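In what follows, a single structure is set out as structure tokens and then discussed.
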Amino acid sequence: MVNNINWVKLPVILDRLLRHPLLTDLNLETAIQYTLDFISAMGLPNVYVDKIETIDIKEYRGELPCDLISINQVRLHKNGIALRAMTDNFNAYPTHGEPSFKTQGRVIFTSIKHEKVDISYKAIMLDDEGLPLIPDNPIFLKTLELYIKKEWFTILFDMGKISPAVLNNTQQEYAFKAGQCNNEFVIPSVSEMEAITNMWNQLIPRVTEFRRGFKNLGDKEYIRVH
Amino acid sequence: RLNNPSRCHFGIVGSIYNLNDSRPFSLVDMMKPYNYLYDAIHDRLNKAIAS
């Protein structure tokens, strides 16, 4: 992403929506739900807060943080070796290898009995109130505005309180701004293209940056001169 | 030697295969960069064969 994620409070979107006379029954309560829906539907990883938090494994099981949404990595605390996805169907079940993990709810199922594991996860940036905090990018703001307007107009169209042409226009505009917002947050910046370039050109390919925390992924590959 | 009392040496005799008072640029030296490039390219070939 080229631009920086400067955070602003949620009613910034209600400042802009309520300019429309047909959206004056919208509320913070509705904006919260539709904002969370938009955040998930776009799935942008720059909108989440990166956190690292250690936990203990009692026996092939560990308690997971409260605010976790998605895991970047899990690794062993003492070695630093990363874990992979668990493909085993009988992990801690005995009868009569490398470490891996599997997470469903508040519980992470590892293949290790008693160790500390480090989890690098993504959460939502919250407010002084326990509420979501949105980027102030006017592209993001316009796209979220258009998302909420599209949902409200879809309800009102299901009633027959909006013309089909009005909803068709709203859907067209939301679709274009959704694509544009997707490209805004995903296209790398200059530093991210230097990292991608140093990942791309290897005379000797590097294929083991998962073992580390992808630390050396964008490190330049130097060849000595002979 | 007959005429020079100062001419003496040890049992060690040898030569440097160099050019003009420099360090020797051996045959292995001048084939090594190619061998390293061969190893890297064959590494790419093997990783392609695996996939």
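How things are named: the first chain in the structure tokens is A, the next is B, and so on; residues count from 1 in each chain; ligands count from 1 in the order shown.
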| field | Interface list for chain B, partner chain A, 9 Å threshold, only C-alpha atoms, as a ChimeraX atom specification | value | /B:29-30,32-33,37,39-41,43-44
Just to be explicit: take each residue in the selection above, keep N, CA, C and O atoms, and write the result as a PDB file, in the first residue's frame.
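Once everything was written out, this is again-v3.pdb:
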```pdb
ATOM      1  N   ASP B  29      41.042 -21.401 -10.954  1.00  0.00           N
ATOM      2  CA  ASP B  29      40.517 -20.057 -10.733  1.00  0.00           C
ATOM      3  C   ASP B  29      39.690 -19.584 -11.915  1.00  0.00           C
ATOM      4  O   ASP B  29      38.627 -18.980 -11.740  1.00  0.00           O
ATOM      5  N   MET B  30      40.164 -19.848 -13.125  1.00  0.00           N
ATOM      6  CA  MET B  30      39.516 -19.343 -14.322  1.00  0.00           C
ATOM      7  C   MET B  30      38.423 -20.269 -14.837  1.00  0.00           C
ATOM      8  O   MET B  30      37.719 -19.896 -15.779  1.00  0.00           O
ATOM      9  N   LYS B  32      36.409 -21.696 -12.193  1.00  0.00           N
ATOM     10  CA  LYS B  32      35.510 -21.727 -11.041  1.00  0.00           C
ATOM     11  C   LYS B  32      34.215 -20.939 -11.218  1.00  0.00           C
ATOM     12  O   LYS B  32      33.155 -21.465 -10.831  1.00  0.00           O
ATOM     13  N   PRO B  33      34.216 -19.694 -11.720  1.00  0.00           N
ATOM     14  CA  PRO B  33      32.942 -18.964 -11.839  1.00  0.00           C
ATOM     15  C   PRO B  33      31.919 -19.692 -12.684  1.00  0.00           C
ATOM     16  O   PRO B  33      30.721 -19.700 -12.371  1.00  0.00           O
ATOM     17  N   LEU B  37      28.178 -21.022 -11.608  1.00  0.00           N
ATOM     18  CA  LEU B  37      26.983 -20.765 -12.405  1.00  0.00           C
ATOM     19  C   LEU B  37      26.308 -22.064 -12.823  1.00  0.00           C
ATOM     20  O   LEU B  37      25.074 -22.156 -12.837  1.00  0.00           O
ATOM     21  N   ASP B  39      26.340 -24.838 -11.104  1.00  0.00           N
ATOM     22  CA  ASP B  39      25.678 -25.389  -9.929  1.00  0.00           C
ATOM     23  C   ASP B  39      24.366 -24.671  -9.648  1.00  0.00           C
ATOM     24  O   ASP B  39      23.360 -25.309  -9.320  1.00  0.00           O
ATOM     25  N   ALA B  40      24.353 -23.343  -9.774  1.00  0.00           N
ATOM     26  CA  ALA B  40      23.116 -22.595  -9.552  1.00  0.00           C
ATOM     27  C   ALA B  40      22.048 -22.961 -10.583  1.00  0.00           C
ATOM     28  O   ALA B  40      20.874 -23.172 -10.241  1.00  0.00           O
ATOM     29  N   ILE B  41      22.436 -23.045 -11.855  1.00  0.00           N
ATOM     30  CA  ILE B  41      21.454 -23.333 -12.894  1.00  0.00           C
ATOM     31  C   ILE B  41      20.939 -24.756 -12.746  1.00  0.00           C
ATOM     32  O   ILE B  41      19.759 -25.030 -12.988  1.00  0.00           O
ATOM     33  N   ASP B  43      20.683 -26.234  -9.934  1.00  0.00           N
ATOM     34  CA  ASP B  43      19.767 -26.126  -8.806  1.00  0.00           C
ATOM     35  C   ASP B  43      18.371 -25.744  -9.273  1.00  0.00           C
ATOM     36  O   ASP B  43      17.372 -26.337  -8.847  1.00  0.00           O
ATOM     37  N   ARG B  44      18.287 -24.754 -10.164  1.00  0.00           N
ATOM     38  CA  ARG B  44      16.993 -24.412 -10.753  1.00  0.00           C
ATOM     39  C   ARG B  44      16.403 -25.602 -11.499  1.00  0.00           C
ATOM     40  O   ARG B  44      15.199 -25.864 -11.418  1.00  0.00           O
TER      41      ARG B  44
END
```
| Those in range 5-208 of chain A with strand (DSSP E) from DSSP, as a PyMOL selection string | chain A and resi 7-8+48-56+62-63+70-76+84-85+100-103+107-110+116-124+134-135
Excluding range 35-52 of chain A and residues on its chain fewer than 3 positions from it, collect all residues at most 6 Å away from it, counting only C-alpha atoms, and give them as a CSV table (one decimal) with N, CA and C atoms, in the first residue's frame.
```
chain,number,residue,atom,x,y,z
A,31,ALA,N,-24.1,1.3,11.3
A,31,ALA,CA,-22.8,1.5,10.7
A,31,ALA,C,-21.8,0.5,11.2
A,32,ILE,N,-21.9,0.1,12.5
A,32,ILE,CA,-21.0,-0.9,13.0
A,32,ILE,C,-21.1,-2.2,12.2
A,119,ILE,N,2.7,-16.8,18.5
A,119,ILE,CA,1.6,-16.7,17.5
A,119,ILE,C,1.7,-15.2,17.0
A,120,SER,N,1.9,-15.0,15.7
A,120,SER,CA,1.8,-13.7,15.1
A,120,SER,C,0.5,-13.6,14.4
A,121,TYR,N,-0.5,-12.8,15.0
A,121,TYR,CA,-1.8,-12.8,14.5
A,121,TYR,C,-2.3,-11.3,14.2
A,122,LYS,N,-3.4,-11.2,13.5
A,122,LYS,CA,-4.0,-10.0,13.1
A,122,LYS,C,-5.3,-9.8,13.9
A,123,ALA,N,-5.5,-8.5,14.4
A,123,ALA,CA,-6.7,-8.2,15.1
A,123,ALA,C,-7.3,-6.9,14.5
A,124,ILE,N,-8.3,-6.4,15.1
A,124,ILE,CA,-9.0,-5.1,14.6
A,124,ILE,C,-8.5,-4.0,15.6
A,125,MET,N,-8.2,-2.9,15.0
A,125,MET,CA,-7.8,-1.7,15.7
A,125,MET,C,-9.1,-1.1,16.4
```
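Note that CA of residue 82 in chain A and CA of residue 66 in chain A are 21.9 Å apart.
Closest approach to residue 81 in chain A from the set A:98, A:56, A:194, A:29 is made by A:98, with distances taken over only C-alpha atoms.
Pairwise distance (CA of residue 190 in chain A, CA of residue 73 in chain A) equals 25.1 Å.
In the backbone-derived DSSP annotation, alpha helix (DSSP H) within range 180-218 of chain A comprises residues 180, 181, 182, 183, 184, 185, 186, 190, 191, 192, 193, 194, 195, 196, 197, 198, 199 and 200 of chain A.
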Generate a file of the selected residues that holds N, CA, C and O atoms, formatted as an mmCIF file, in the first residue's frame.
```
data_model
loop_
_atom_site.group_PDB
_atom_site.id
_atom_site.type_symbol
_atom_site.label_atom_id
_atom_site.label_comp_id
_atom_site.auth_asym_id
_atom_site.auth_seq_id
_atom_site.Cartn_x
_atom_site.Cartn_y
_atom_site.Cartn_z
ATOM 1 N N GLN A 180 -11.485 -0.366 -7.120
ATOM 2 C CA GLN A 180 -10.464 0.653 -6.913
ATOM 3 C C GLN A 180 -9.886 0.588 -5.504
ATOM 4 O O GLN A 180 -8.681 0.769 -5.307
ATOM 5 N N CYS A 181 -10.740 0.366 -4.505
ATOM 6 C CA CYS A 181 -10.283 0.233 -3.127
ATOM 7 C C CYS A 181 -9.447 -1.023 -2.947
ATOM 8 O O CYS A 181 -8.490 -1.036 -2.167
ATOM 9 N N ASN A 182 -9.804 -2.098 -3.644
ATOM 10 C CA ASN A 182 -8.992 -3.303 -3.592
ATOM 11 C C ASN A 182 -7.597 -3.026 -4.134
ATOM 12 O O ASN A 182 -6.593 -3.441 -3.549
ATOM 13 N N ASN A 183 -7.516 -2.304 -5.252
ATOM 14 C CA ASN A 183 -6.214 -2.009 -5.840
ATOM 15 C C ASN A 183 -5.431 -1.006 -5.007
ATOM 16 O O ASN A 183 -4.197 -1.007 -5.029
ATOM 17 N N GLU A 184 -6.119 -0.124 -4.287
ATOM 18 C CA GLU A 184 -5.419 0.881 -3.493
ATOM 19 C C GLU A 184 -4.629 0.243 -2.359
ATOM 20 O O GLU A 184 -3.480 0.620 -2.107
ATOM 21 N N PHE A 185 -5.225 -0.707 -1.656
ATOM 22 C CA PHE A 185 -4.627 -1.271 -0.459
ATOM 23 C C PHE A 185 -3.651 -2.397 -0.752
ATOM 24 O O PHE A 185 -2.883 -2.773 0.137
ATOM 25 N N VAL A 186 -3.634 -2.915 -1.977
ATOM 26 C CA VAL A 186 -2.903 -4.125 -2.313
ATOM 27 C C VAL A 186 -1.668 -3.825 -3.152
ATOM 28 O O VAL A 186 -0.640 -4.485 -2.996
ATOM 29 N N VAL A 190 6.922 1.563 -2.977
ATOM 30 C CA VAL A 190 8.266 1.443 -3.537
ATOM 31 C C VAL A 190 9.113 0.496 -2.695
ATOM 32 O O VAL A 190 9.834 -0.354 -3.230
ATOM 33 N N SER A 191 9.045 0.627 -1.370
ATOM 34 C CA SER A 191 9.785 -0.276 -0.496
ATOM 35 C C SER A 191 9.296 -1.711 -0.626
ATOM 36 O O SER A 191 10.102 -2.652 -0.596
ATOM 37 N N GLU A 192 7.987 -1.902 -0.765
ATOM 38 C CA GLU A 192 7.460 -3.241 -0.959
ATOM 39 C C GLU A 192 7.844 -3.808 -2.318
ATOM 40 O O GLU A 192 8.034 -5.020 -2.436
ATOM 41 N N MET A 193 8.012 -2.967 -3.344
ATOM 42 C CA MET A 193 8.572 -3.474 -4.595
ATOM 43 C C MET A 193 10.059 -3.768 -4.500
ATOM 44 O O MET A 193 10.538 -4.642 -5.218
ATOM 45 N N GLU A 194 10.814 -3.080 -3.646
ATOM 46 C CA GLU A 194 12.194 -3.513 -3.448
ATOM 47 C C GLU A 194 12.248 -4.867 -2.758
ATOM 48 O O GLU A 194 13.062 -5.723 -3.116
ATOM 49 N N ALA A 195 11.380 -5.085 -1.773
ATOM 50 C CA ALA A 195 11.306 -6.405 -1.158
ATOM 51 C C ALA A 195 10.879 -7.468 -2.166
ATOM 52 O O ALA A 195 11.450 -8.563 -2.204
ATOM 53 N N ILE A 196 9.879 -7.167 -2.996
ATOM 54 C CA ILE A 196 9.419 -8.129 -3.995
ATOM 55 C C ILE A 196 10.509 -8.396 -5.025
ATOM 56 O O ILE A 196 10.674 -9.524 -5.494
ATOM 57 N N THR A 197 11.253 -7.361 -5.408
ATOM 58 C CA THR A 197 12.349 -7.521 -6.355
ATOM 59 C C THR A 197 13.447 -8.400 -5.780
ATOM 60 O O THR A 197 13.991 -9.267 -6.471
ATOM 61 N N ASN A 198 13.798 -8.180 -4.514
ATOM 62 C CA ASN A 198 14.812 -9.007 -3.876
ATOM 63 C C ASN A 198 14.306 -10.419 -3.638
ATOM 64 O O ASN A 198 15.098 -11.323 -3.375
ATOM 65 N N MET A 199 12.987 -10.606 -3.630
ATOM 66 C CA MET A 199 12.430 -11.955 -3.593
ATOM 67 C C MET A 199 12.437 -12.595 -4.978
ATOM 68 O O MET A 199 12.471 -13.821 -5.103
ATOM 69 N N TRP A 200 12.370 -11.780 -6.027
ATOM 70 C CA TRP A 200 12.136 -12.291 -7.371
ATOM 71 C C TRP A 200 13.427 -12.728 -8.046
ATOM 72 O O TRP A 200 13.487 -13.806 -8.638
#
```
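Shortest separation to residue 76 in chain A among A:23, A:117, A:18, A:159 occurs at residue A:117, atoms counted being only C-alpha atoms.
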Shell of 12 Å around residue 112 in chain A, only C-alpha atoms, local chain residues under 5 positions omitted, as an NGL selection string:
:A and (56-62 or 75-76 or 83 or 86 or 91-92 or 97-102 or 117)
Just N, CA and C atoms for this one: save the residues we selected as a PDB file, in the first residue's frame.
```
ATOM      1  N   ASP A  56       1.023 -21.071  26.126  1.00  0.00           N
ATOM      2  CA  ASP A  56       1.504 -22.370  26.562  1.00  0.00           C
ATOM      3  C   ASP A  56       0.644 -23.468  25.960  1.00  0.00           C
ATOM      4  N   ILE A  57       1.283 -24.587  25.640  1.00  0.00           N
ATOM      5  CA  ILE A  57       0.601 -25.782  25.161  1.00  0.00           C
ATOM      6  C   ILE A  57       0.567 -26.773  26.313  1.00  0.00           C
ATOM      7  N   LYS A  58      -0.636 -27.155  26.742  1.00  0.00           N
ATOM      8  CA  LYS A  58      -0.760 -28.095  27.852  1.00  0.00           C
ATOM      9  C   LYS A  58      -0.539 -29.525  27.382  1.00  0.00           C
ATOM     10  N   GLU A  59      -1.368 -30.001  26.461  1.00  0.00           N
ATOM     11  CA  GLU A  59      -1.077 -31.261  25.785  1.00  0.00           C
ATOM     12  C   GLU A  59      -1.749 -31.216  24.418  1.00  0.00           C
ATOM     13  N   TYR A  60      -0.965 -30.856  23.405  1.00  0.00           N
ATOM     14  CA  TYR A  60      -1.439 -30.717  22.035  1.00  0.00           C
ATOM     15  C   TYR A  60      -2.571 -29.706  21.918  1.00  0.00           C
ATOM     16  N   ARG A  61      -2.695 -28.804  22.887  1.00  0.00           N
ATOM     17  CA  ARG A  61      -3.771 -27.829  22.922  1.00  0.00           C
ATOM     18  C   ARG A  61      -3.273 -26.594  23.645  1.00  0.00           C
ATOM     19  N   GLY A  62      -3.741 -25.444  23.196  1.00  0.00           N
ATOM     20  CA  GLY A  62      -3.346 -24.180  23.789  1.00  0.00           C
ATOM     21  C   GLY A  62      -4.477 -23.189  23.692  1.00  0.00           C
ATOM     22  N   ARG A  75       5.181 -20.359  15.725  1.00  0.00           N
ATOM     23  CA  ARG A  75       6.516 -20.921  15.806  1.00  0.00           C
ATOM     24  C   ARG A  75       6.767 -21.386  17.229  1.00  0.00           C
ATOM     25  N   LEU A  76       7.780 -22.228  17.384  1.00  0.00           N
ATOM     26  CA  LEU A  76       8.242 -22.615  18.704  1.00  0.00           C
ATOM     27  C   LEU A  76       9.025 -21.475  19.336  1.00  0.00           C
ATOM     28  N   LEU A  83       5.748 -23.375  12.505  1.00  0.00           N
ATOM     29  CA  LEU A  83       4.881 -24.532  12.360  1.00  0.00           C
ATOM     30  C   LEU A  83       4.105 -24.426  11.057  1.00  0.00           C
ATOM     31  N   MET A  86      -1.529 -28.632  10.017  1.00  0.00           N
ATOM     32  CA  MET A  86      -1.586 -30.034  10.402  1.00  0.00           C
ATOM     33  C   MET A  86      -2.483 -30.775   9.426  1.00  0.00           C
ATOM     34  N   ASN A  91      -3.935 -36.718  15.403  1.00  0.00           N
ATOM     35  CA  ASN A  91      -2.756 -35.963  15.908  1.00  0.00           C
ATOM     36  C   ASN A  91      -2.259 -36.341  17.297  1.00  0.00           C
ATOM     37  N   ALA A  92      -3.120 -36.414  18.285  1.00  0.00           N
ATOM     38  CA  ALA A  92      -2.700 -36.664  19.672  1.00  0.00           C
ATOM     39  C   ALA A  92      -3.358 -37.939  20.132  1.00  0.00           C
ATOM     40  N   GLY A  97       7.830 -36.347  13.988  1.00  0.00           N
ATOM     41  CA  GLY A  97       8.032 -35.572  12.778  1.00  0.00           C
ATOM     42  C   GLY A  97       8.173 -34.095  13.075  1.00  0.00           C
ATOM     43  N   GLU A  98       8.036 -33.262  12.050  1.00  0.00           N
ATOM     44  CA  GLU A  98       8.126 -31.827  12.264  1.00  0.00           C
ATOM     45  C   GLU A  98       6.864 -31.344  12.972  1.00  0.00           C
ATOM     46  N   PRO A  99       6.901 -30.195  13.640  1.00  0.00           N
ATOM     47  CA  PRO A  99       5.714 -29.725  14.353  1.00  0.00           C
ATOM     48  C   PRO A  99       4.762 -28.968  13.439  1.00  0.00           C
ATOM     49  N   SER A 100       3.474 -29.064  13.763  1.00  0.00           N
ATOM     50  CA  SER A 100       2.424 -28.414  12.993  1.00  0.00           C
ATOM     51  C   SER A 100       1.305 -28.013  13.943  1.00  0.00           C
ATOM     52  N   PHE A 101       0.307 -27.315  13.409  1.00  0.00           N
ATOM     53  CA  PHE A 101      -0.765 -26.780  14.238  1.00  0.00           C
ATOM     54  C   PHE A 101      -2.074 -26.758  13.461  1.00  0.00           C
ATOM     55  N   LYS A 102      -3.147 -26.489  14.197  1.00  0.00           N
ATOM     56  CA  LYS A 102      -4.502 -26.418  13.673  1.00  0.00           C
ATOM     57  C   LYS A 102      -5.343 -25.647  14.676  1.00  0.00           C
ATOM     58  N   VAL A 117       4.623 -21.573  22.394  1.00  0.00           N
ATOM     59  CA  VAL A 117       4.580 -21.243  20.978  1.00  0.00           C
ATOM     60  C   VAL A 117       4.264 -19.765  20.848  1.00  0.00           C
TER      61      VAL A 117
END
```
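Take CA of residue 171 in chain A and CA of residue 25 in chain A: the distance between them is 20.3 Å.
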What's the 12 Å shell around residue 167 in chain A, counting only C-alpha atoms, without same-chain residues fewer than 5 positions away, as a PyMOL selection string?
-> chain A and resi 146-147+149-158+160-162+172-174
Write a file of the just-selected residues containing C-alpha atoms, as a compact mmCIF listing (two decimals), in the first residue's frame.
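Once written, part09.txt looks like this:
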```
# COMPACT_ATOMS: atom_id res chain seq x y z
CA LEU A 146 -21.22 3.23 -1.12
CA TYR A 147 -21.46 -0.21 0.49
CA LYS A 149 -25.83 3.07 0.65
CA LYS A 150 -26.10 -0.02 -1.57
CA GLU A 151 -27.43 -2.19 1.26
CA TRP A 152 -29.93 0.45 2.39
CA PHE A 153 -31.12 0.99 -1.18
CA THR A 154 -31.41 -2.77 -1.66
CA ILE A 155 -33.79 -2.99 1.31
CA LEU A 156 -35.74 0.04 0.10
CA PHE A 157 -35.94 -1.54 -3.36
CA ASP A 158 -37.25 -4.78 -1.86
CA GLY A 160 -40.44 -0.60 -3.65
CA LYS A 161 -39.39 2.74 -2.13
CA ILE A 162 -36.51 3.26 -4.62
CA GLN A 172 -22.45 0.16 -10.52
CA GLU A 173 -20.73 2.87 -8.47
CA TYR A 174 -20.11 0.58 -5.51
```
List the spatial neighbours of range 103-106 of chain A as a list in words - criterion: any atom at most 9 Å away, only C-alpha atoms, same-chain residues fewer than 2 positions off excluded. residues 62, 63, 64, 65, 66, 68, 101, 108, 109 and 110 of chain A
Those selected residues, please, written with N, CA and C atoms and delivered as a PDB file, in the first residue's frame.
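Everything below was put into result-v1.pdb:
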```pdb
ATOM      1  N   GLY A  62      -3.741 -25.444  23.196  1.00  0.00           N
ATOM      2  CA  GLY A  62      -3.346 -24.180  23.789  1.00  0.00           C
ATOM      3  C   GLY A  62      -4.477 -23.189  23.692  1.00  0.00           C
ATOM      4  N   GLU A  63      -4.505 -22.258  24.636  1.00  0.00           N
ATOM      5  CA  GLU A  63      -5.539 -21.237  24.655  1.00  0.00           C
ATOM      6  C   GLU A  63      -5.130 -20.090  23.745  1.00  0.00           C
ATOM      7  N   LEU A  64      -6.054 -19.596  23.017  1.00  0.00           N
ATOM      8  CA  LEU A  64      -5.815 -18.608  21.981  1.00  0.00           C
ATOM      9  C   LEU A  64      -6.209 -17.211  22.462  1.00  0.00           C
ATOM     10  N   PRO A  65      -5.553 -16.140  22.005  1.00  0.00           N
ATOM     11  CA  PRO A  65      -5.937 -14.801  22.468  1.00  0.00           C
ATOM     12  C   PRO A  65      -7.374 -14.450  22.111  1.00  0.00           C
ATOM     13  N   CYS A  66      -7.889 -13.431  22.800  1.00  0.00           N
ATOM     14  CA  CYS A  66      -9.294 -13.065  22.657  1.00  0.00           C
ATOM     15  C   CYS A  66      -9.566 -12.357  21.339  1.00  0.00           C
ATOM     16  N   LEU A  68      -7.987 -12.467  18.467  1.00  0.00           N
ATOM     17  CA  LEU A  68      -7.432 -13.070  17.265  1.00  0.00           C
ATOM     18  C   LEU A  68      -8.499 -13.235  16.192  1.00  0.00           C
ATOM     19  N   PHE A 101       0.307 -27.315  13.409  1.00  0.00           N
ATOM     20  CA  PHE A 101      -0.765 -26.780  14.238  1.00  0.00           C
ATOM     21  C   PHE A 101      -2.074 -26.758  13.461  1.00  0.00           C
ATOM     22  N   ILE A 108      -5.947 -23.859  19.860  1.00  0.00           N
ATOM     23  CA  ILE A 108      -4.970 -24.206  18.835  1.00  0.00           C
ATOM     24  C   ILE A 108      -4.477 -25.614  19.136  1.00  0.00           C
ATOM     25  N   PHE A 109      -4.634 -26.514  18.172  1.00  0.00           N
ATOM     26  CA  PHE A 109      -4.195 -27.901  18.294  1.00  0.00           C
ATOM     27  C   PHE A 109      -2.835 -28.031  17.626  1.00  0.00           C
ATOM     28  N   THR A 110      -1.787 -28.163  18.428  1.00  0.00           N
ATOM     29  CA  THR A 110      -0.453 -28.439  17.921  1.00  0.00           C
ATOM     30  C   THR A 110      -0.143 -29.931  18.021  1.00  0.00           C
TER      31      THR A 110
END
```
